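Here's the structure, in structure tokens; my notes come after.
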Amino acid sequence: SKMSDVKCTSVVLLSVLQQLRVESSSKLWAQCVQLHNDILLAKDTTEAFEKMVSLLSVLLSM
Amino acid sequence: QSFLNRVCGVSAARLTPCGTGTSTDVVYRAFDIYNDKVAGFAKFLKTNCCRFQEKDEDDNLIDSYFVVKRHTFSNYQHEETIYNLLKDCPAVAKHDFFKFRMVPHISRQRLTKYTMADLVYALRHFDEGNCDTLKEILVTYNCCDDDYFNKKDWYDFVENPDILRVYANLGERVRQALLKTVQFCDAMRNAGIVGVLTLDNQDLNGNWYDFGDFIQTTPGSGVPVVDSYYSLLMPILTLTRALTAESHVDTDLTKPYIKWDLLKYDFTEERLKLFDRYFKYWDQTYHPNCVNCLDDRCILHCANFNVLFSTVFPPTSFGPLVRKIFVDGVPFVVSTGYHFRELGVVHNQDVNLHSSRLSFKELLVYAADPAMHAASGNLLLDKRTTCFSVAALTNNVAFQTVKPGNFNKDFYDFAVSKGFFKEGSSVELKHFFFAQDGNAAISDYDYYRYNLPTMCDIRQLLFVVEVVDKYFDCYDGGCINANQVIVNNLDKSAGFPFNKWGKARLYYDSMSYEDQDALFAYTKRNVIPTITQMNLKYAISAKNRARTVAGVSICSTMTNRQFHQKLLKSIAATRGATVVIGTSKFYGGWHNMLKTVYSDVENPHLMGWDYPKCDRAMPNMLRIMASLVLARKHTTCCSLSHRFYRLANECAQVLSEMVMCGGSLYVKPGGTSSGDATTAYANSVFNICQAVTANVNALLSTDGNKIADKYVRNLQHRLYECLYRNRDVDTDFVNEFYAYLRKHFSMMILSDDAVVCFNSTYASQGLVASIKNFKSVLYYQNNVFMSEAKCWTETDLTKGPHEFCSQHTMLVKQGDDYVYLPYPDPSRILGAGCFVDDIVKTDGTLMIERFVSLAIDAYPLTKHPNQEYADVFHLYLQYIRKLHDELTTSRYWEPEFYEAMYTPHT
Amino acid sequence: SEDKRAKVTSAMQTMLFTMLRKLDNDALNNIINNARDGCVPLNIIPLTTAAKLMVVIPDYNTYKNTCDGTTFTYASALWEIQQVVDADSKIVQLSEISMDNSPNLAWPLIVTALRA
RNA sequence: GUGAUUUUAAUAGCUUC
RNA sequence: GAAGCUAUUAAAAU
Ligand SMILES: [Zn+2]
Ligand SMILES: [Zn+2]
């Protein structure tokens with residue numbers, strides 16, 4: 001319940017960022033992809049929350 | 001002390017005893033023997049020699065040794081005569097014949113601790129926990145420091161690619177040994193002495209020491225048999241890169257490289273000189289260009305030498321050999337001949353330098369040929385990869401990204417309402433749509449660096465291919481016409497550069513049956529190189545690997561169909577064989593497959609495995625072997641020239657061809673392409689070959705004196721004889737070995753996947769392969785290290801294969817009988833439901849087929865001991881009801897519809 | 001299927017004629033006519049005839065090793081750097097390629113050079 | 001810009017029985 | 001209806 005919500009929210013967030021034309025900025029796209037993959041590969045809620053808020057800060061910045 | 005100083009003799013050297021006083025030491029070493037009683041290359045004990053460690057002026061132990069041998073007075077008198085005849089050779093060690101207490105003593109002075117037999121056995125029977133001899137050899141000969149072995153996984157070829165350099169540090173020593181054995185063979189020939197040369201009678205300095213079984217004849221008629229020596233030594237040459245010194249001037253490692261001309265491509269005389277310099281006394285005839293060979297066996301034999309000689313020559317001399325023709329006065333650049341790394345030089349026969357005009361067939365050929373595309377492009381230098389960069393077709397580099405997968409919130413929330421995804425659940429989400437960056441395509445293409453030039457033991461491979469061909473004698477093959485070809489989905493890519501104008505339907509509708517037949521007849525007399533395009537695959541997985549696939553061109557696909565369609569359909573149609581391609585898992589087709597492999601083995605245990613990076617690491621020799629095996633069905637429709645030209649086309653199109661990745665051309669080192677017309681069948685042939693080789697090595701590496709069964713001992717003896725002492729094929733023994741394999745090592749094969757039922761007493765005694773006899777074969781013939789992670793074992797038959805085709809197995813009751821049901825991974829099913837590739841497919845009311853199909857594959861779980869596993873199927877049935885109710889057939893949400901899909905009656 | 005074919009036939013010929021205009025006929029003729037029988041490997045034609053080179057550099061260490069300075073040498077020839085472009089197809093000046101601005105740069109860089 | 005092969009399901013049409 | 005065939009769409013395996 002804790003992890004599944006984080007991973008689904010990460011998927012939705014990265015899809016939204018892709019729709020917002022982030023691929024144009026390769027340096028942003030690389031970090032977004034790396035954070036998304038690390039969240040999906042994470043195991044405990046502690047690091048998933050941190051990478052999730054890090055990924056959400058990118059959306060908040062635009 | 002008296003014995004020690006007598007051994008010292010006139011060769012002044014301080015020697016310390018190596019043993020217990022004046023006695024005979026007992027060592028365990030590898031030997032190669034062919035007595036009428038025992039035959040094979042294995043490890044035995046030596047108690048007939050006394051060792052004498054040698055020291056220097058600093059009085060610390062060095063690698064020199066004084067070995068004295070006590071044997072029949074007859075051996076003494078004889079060997080002494082043979083040594084007197086062969087005194088002058090510099091490749092012969094020093095012997096001092098004497099008698100001490102009056103037992104004769106033959107003294108071998110200045111010898112290393114280990115031999116070439118020890119080295120070859122250590123590298124060809126590698127074990128991760130029994131590598132003491134290899135580690136000691138590497139430390140002794142300054143190949144690596146003693147602390148190199150504290151680095152974990154130092155032996156991998158993937159995780160630790162520096163072990164390649166560590167191994168290659170032995171190339172000069174191996175080359176010196178080769179030159180010394182050539183000298184010894186020439187000396188015997190001059191003296192007039194016949195005898196068999198074996199690895200265990202040669203020192204790591206290249207010095208020969210045993211002479212008991214050399215018969216003396218008249219001078220000038222000396223005959224040295226070296227078949228077993230060279231064949232057992234062959235795999236180590238490429239591994240240690242013995243011939244790496246030939247690229248320098250005067251073959252000196254301290255000199256600069258040779259500046260070969262850029263326009264030179266022939267190298268026939270260089271290959272002949274290399275063969276005469278190294279393999280001078282090899283009996284069989286060698287053809288530098290395989291177009292002059294006489295059979296598929298001869299093609300294999302000569303290509304095995306070519307893969308080794310091709311490392312001397314520069315890498316820019318391989319590929320299409322272009323020319324300059326004039327179409328009605330307009331000059332063009334077309335590829336005429338081709339230079340293979342394994343097949344030499346091939347020249348087309350239908351070459352016309354003045355075409356008044358070109359029709360559809362000629363336009364297709366010239367558009368598929370990459371000469372124009374490479375010639376019109378710009379030079380490319382790409383430091384992102386280690387592959388050869390041929391050119392750049394555009395003025396920009398293209399970067400491909402992979403998007404994330406969509407999310408099905410309706411299904412996810414329904415599953416949450418149904419009590420899944422709860423904390424601590426054994427059923428969790430593991431499969432997702434991983435996203436990649438721009439450089440994922442090139443990063444994954446660079447994984448071809450795992451393809452290393454591998455040379456095979458040709459005498460073993462020639463028997464293995466004959467045994468493997470028995471597995472395919474129950475099929476029907478041949479060439480069909482253009483109107484008998486079946487194409488499943490005509491709306492697919494036609495490859496580069498054809499995908500800029502239409503799909504695969506356009507060309508099939510455009511060119512008629514006559515033109516297709518003309519193109520096929522053209523491909524049997526000329527070579528047509530083609531460009532392959534690498535595309536990214538967008539799928540659900542448990543690992544973030546940007547999987548890439550190869551889109552072969554229509555010019556290759558059409559003519560490969562017209563060549564292999566019949567045999568591939570026959571293989572897919574046959575039921576109850578070793579290859580189970582085409583057998584459905586529905587309506588008891590699972591049970592029927594598992595019963596066929598359980599067969600009637602005596603002490604049954606089950607085992608299985610999968611290949612690490614099968615496509616990237618597959619050696620080109622094995623790829624050509626599989627192609628020849630598949631093409632063996634054309635004994636009546638095609639001649640030798642036609643079959644060779646078809647093989648050349650297949651190699652030049654799907655083995656090492658120019659590859660397009662983002663508007664740039666790179667050459668493929670080798671391996672296999674996932675877009676071939678014969679990928680799965682070639683993989684099956686390769687799998688069977690590796691298994692048969694494992695069995696052969698396991699049988700031959702066993703002490704024949706410990707085998708109690710007279711039949712098995714005789715079988716091992718005749719196996720060794722038919723492998724190394726007979727040059728022709730023995731059909732009776734091929735049949736006998738095939739029957740032995742079928743009786744005690746049964747197999748079920750689907751591409752790179754295999755499940756095996758075997759006798760667990762023969763495996764215990766070493767008469768059939770094991771999961772250890774397969775790491776050894778892979779380590780020396782596929783340049784990979786198989787771990788215990790792709791290897792499973794099951795001593796039980798009730799519990800079936802641990803894993804086959806990604807399904808597990810269960811013994812459930814279907815009525816009155818017990819059947820076996822394949823069940824997949826819940827996580828996989830839930831991930832397929834929750835995450836979708838297309839945004840449109842998130843509407844539940846418009847996509848019922850997806851959930852119907854997913855419920856068919858999730859049905860078996862209903863009968864699993866774990867309750868929370870079985871609740872996955874009922875989730876899909878409750879969601880199907882909702883979709884129909886929101887939309888507005890009760891059959892979909894009734895269990896019996898899916899229950900009918902795993903029932904024997906059709 | 002008949003006029004559908006007649007469309008792609010003139011498409012292949014147009015491409016097969018556009019690439020001929022791109023051939024360096026002044027230099028290609030020398031290479032072909034210097035062979036033993038007019039037959040040469042394909043992998044050397046771009047190397048010895050191409051008048052333009054594109055280099056893709058992963059990072060600054062490789063840049064410094066390979067394409068240092070305005071003019072470098074490769075394949076037994078002298079090439080003069082003409083333009084540098086990052087992964088975003090943004091014009092990059094030679095001044096800001098250094099240790100300090102490497103993190104700010106968006107690698108890889110695609111260097112375009114002309115033969116001397 | 002999206003490969004080769006195998007099995008299965010669904011809708012629709014057609015001809016046989 | 002029994003069965004066969006053609007077309008489109010979808011899921012799985014390699
Ligand atoms: Zn030959
Ligand atoms: Zn044929």
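Lettering follows sequence order; numbering is per chain, from 1. Basis for what follows: all heavy atoms, side chains included, without hydrogens, waters or symmetry-related copies.
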So [X], base contact, sugar-phosphate only, or nothing? Heavy-atom distance under 4.0 Å.
X: B:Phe496; result: nothing
X: B:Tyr902; result: nothing
X: B:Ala677; result: sugar-phosphate

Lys/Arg N to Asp/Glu carboxylate O, [X] vs [Y], below 4.0 Å:
X: B:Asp444; Y: B:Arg616; result: yes
X: B:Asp476; Y: B:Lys566; result: yes
X: B:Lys430; Y: B:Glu428; result: yes

Tell me whether the OP1 or OP2 atom of [N] has a side-chain N or O from [X] closer than 4.0 Å.
X: B:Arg850; N: E:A10; result: no
X: B:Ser674; N: D:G3; result: no
X: B:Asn683; N: E:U14; result: no
X: B:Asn488; N: D:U6; result: yes
X: B:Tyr587; N: D:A9; result: yes

Whole-Å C1' distance, E:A12 and D:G1: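 To the nearest whole Å, 25 Å.
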Separation of the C1' atoms in E:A7 and D:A9, to the nearest angstrom: 16 Å
Tell me if the NZ atom of B:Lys882 is crowded by more than 12 foreign heavy atoms within 6.0 Å. yes
Atom NZ of B:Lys585 and atom P of E:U14: how far apart are they, to the nearest Å? 11 Å
Could you tell me the separation between the CD1 atom of B:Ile848 and the P atom of E:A11, rounded to a whole number of Å?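 Whole-Å distance recorded here is 13 Å.
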Can you measure from OG1 (B:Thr532) to CZ (B:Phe496) and round to the nearest 0.5 angstrom?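 Going from the OG1 atom of B:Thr532 to the CZ atom of B:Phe496 covers 11.5 Å.
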Going by number, which of residues 543-572 of chain B have a non-hydrogen atom under 4.0 Å from RNA chain E?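 Heavy-atom cutoff 4.0 Å gives no residues at all.
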5'-most by nearest nucleotide on RNA chain E - B:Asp491 or B:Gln807: B:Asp491
Which nucleotide in [options] has an atom nearest any side-chain atom of [X]:
X: B:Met901; options: D:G3, E:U14, D:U8; result: D:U8
X: B:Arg828; options: D:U2, D:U5, E:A12; result: E:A12
X: B:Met847; options: E:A11, E:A10, D:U8; result: E:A10

Taking pairs as Watson-Crick (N1-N3 plus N6-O4 or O6-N4) or G-U wobble (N1-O2 and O6-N3), each distance under 3.5 Å, the stems of three or more consecutive pairs with RNA chain D are D:4-6 with E:12-14, D:10-14 with E:4-8
Distance alone, cut at 3.5 Å: any donor-acceptor contact between the side chains of B:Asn489 and B:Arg505?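 Short answer, no.
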Assess the side chains of B:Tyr902 and B:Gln814: does a donor N or O sit below 3.5 Å from an acceptor N or O?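 Side-chain D/A pair, B:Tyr902 to B:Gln814: absent.
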